[PDB]
Structure formats: C-alpha cells, structure tokens
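Sequence lines set the chain letters: A, B, ... in the order given, protein chains first and strands last, and positions in each chain run from 1. No hydrogens, no waters, no symmetry mates; every other heavy atom, side chains included, goes into these values.
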Amino acid sequence: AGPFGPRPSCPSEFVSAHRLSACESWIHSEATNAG
Amino acid sequence: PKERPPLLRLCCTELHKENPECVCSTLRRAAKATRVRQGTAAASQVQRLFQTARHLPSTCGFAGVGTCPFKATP
Ligand SMILES: [Cl-]
Ligand SMILES: [Cl-]
Ligand SMILES: [Cl-]
Ligand code: NA
Ligand code: NA
Ligand code: NA
C-alpha cells in the first residue's frame with residue numbers, strides 16, 4: 001500500500017459501472033421467482 | 001441454449017468493470033437499491049434477492065471472489 005498504488009475507490013467504480021443496473025434487473029427477476 | 005440469458009451477461013460485463021475486492025460491497029449496495037425501489041417485502045423474495053446478489057461473482061467467473069459472505073438483511 002502506497003500513495004501511488006492502484007487505490008480502488010469502490011463507490012466511483014459502482015457509478016462507473018452504471019450502478020450494476022443489469023445486475024439489479026437480474027436480481028429483481030430472480031427475487032420475484034421465490035417460492 | 002448453453003449461452004446464458006442476455007441480461008445476466010450484461011450484468012457480468014458491468015461487474016467486470018470493478019475490482020474483485022469491490023464486487024461484494026457494490027452488489028450489497030445494488031441489492032439494497034432494488035429491494036427499496038421495488039418495495040420487495042415478502043420474506044422469501046427478500047432472502048432470494050440478497051442471495052442472488054451474493055452469488056453473482058460465482059455466476060460471473062470472478063474466481064478470486066467466490067460467493068459473497070452473508071450479511072444480515074436490513
Ligand atoms: Cl460502493
Ligand atoms: Cl432494477
Ligand atoms: Cl462472465
Ligand atoms: Na434462471
Ligand atoms: Na445506490
Ligand atoms: Na412475509
């Protein structure tokens with residue numbers, strides 16, 4: 001770990017990945033299949 | 001078909017935009033967002049929602065991650 005390491009910023013990656021919008025739709029589709 | 005559903009493949013592409021050590025935290029955030037936006041309250045649906053999210057790295061070839069650990073559901 002150092003000042004110039006990769007230093008991932010998870011919230012920024014989340015917004016850059018469209019808030020995982022396709023995963024959100026997939027999760028929703030699976031959830032309503034319960035039982 | 002042996003290929004996965006297109007929507008699942010789109011999800012995997014989005015997950016690949018993140019570092020492995022961010023995936024589980026962001027999937028928890030995604031699950032909470034869907035749960036709240038869609039007003040999912042039936043117990044079995046809520047459990048399946050969060051379980052599906054925790055298994056996505058293993059549904060998506062993220063070998064370093066595996067299945068995300070269980071965290072109590074809000
Ligand atoms: Cl985040
Ligand atoms: Cl959604
Ligand atoms: Cl994949
Ligand atoms: Na399925
Ligand atoms: Na959010
Ligand atoms: Na219930």
Rounded to the nearest 0.5 Å, the CG atom of B:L8 sits from the CD1 atom of A:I27 at a distance of 10.5 Å
I'd like to know if the side chain of B:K17 and the backbone of A:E13 have a donor-acceptor N/O pair within less than 3.5 Å.
no
How long is the gap from SG on B:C11 to NE2 on A:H18, to the nearest 0.5 Å?
13.5 Å
Pairs of heavy atoms under 4.5 Å with chain A: top-ranked of B:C12, B:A30, B:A53
B:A30
With a 4.5 angstrom heavy-atom cut-off, is it the side chain or the backbone of A:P6 that approaches chain B, or both, or neither?
neither
Name the member of A:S21, A:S25, A:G35 that forms the most heavy-atom pairs with chain B at distances under 4.5 Å.
A:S21
A:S29, part contacting chain B, at a heavy-atom distance under 4.5 Å
neither
Looking only at non-hydrogen atoms, find the nearest pair between A:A22 and B:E14 and report the distance.
N-OE1, 2.8 Å
What heavy-atom pair brings B:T26 and A:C10 nearest, and what distance separates the two atoms?
CG2-O, 3.9 Å
Measuring from B:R35:CZ to A:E24:CD, what's the distance to the nearest 0.5 Å?
14.0 Å
Could you tell me which non-hydrogen atom of B:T34 sits nearest to which non-hydrogen atom of A:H28, and how far apart they are?
CG2-CB, 3.9 Å
Heavy-atom check, side chain of A:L20 versus side chain of B:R29, under 4.5 Å:
no
Are B:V46 and B:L56 connected in a single hydrophobic cluster, I mean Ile/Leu/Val/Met/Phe/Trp/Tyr linked by side-chain heavy atoms less than 4.5 Å apart?
yes
Output for pair (B:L27 CG, A:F14 CZ), nearest 0.5 Å, gives 8.5 Å
Nearest 0.5 Å please: distance from the CD atom of A:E30 over to the CZ atom of B:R48.
5.0 Å
